[PDB]
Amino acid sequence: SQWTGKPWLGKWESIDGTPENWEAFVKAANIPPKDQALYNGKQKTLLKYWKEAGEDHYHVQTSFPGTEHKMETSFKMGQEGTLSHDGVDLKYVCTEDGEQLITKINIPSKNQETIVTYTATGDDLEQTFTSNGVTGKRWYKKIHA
């Protein structure tokens, strides 16, 4: 059978600065100032994806060290999940295209969809996100912890 790589598995730290095309994305995707703040300034994002051997699901954890905006959940490929933040529901489905993780997101209350892709090779991860026709790109470095 096929050898498979999932290079997005691991822990990741956002590189210094704002995502590529951030200004345009903020405007088009109508990112509120409260959400903007988490990606502006010295604030880091930590992202962790993992799979334990004997389970049929993946785990994800995001944290913004210094703040209380954390997320921790599990998902199965192709199966819908729902998350909520400050009373706003987000529906998502994760899939794979070869080595790339794809997350399709819908926010019904805003009539807004986002697609996020995670493309990694070795110590580097590119997170591409598109919403309302505008694409931003954020880079992360692999970290041990």
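Note that residue numbering begins at 1 and tracks the sequence as displayed.
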item	value
Given 1-9 and 136-144, the range whose Cα B-factors average higher in the PDB entry	1-9
86-94 versus 34-42 - greater average Cα B-factor per the deposited record	34-42
Highest recorded Cα temperature factor - choice among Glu80, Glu113, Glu99, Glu52	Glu52
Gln127 CA temperature factor, ranked by third within the chain	lowest
Third assignment of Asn21 from its chain's C-alpha B-factors	highest
Chain third (lowest, middle, highest) by recorded CA B-factor, residue given as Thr67	highest
Modelled-residue ranking by C-alpha temperature factor, third containing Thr117	lowest
Modelled-residue ranking by C-alpha temperature factor, third containing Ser109	highest
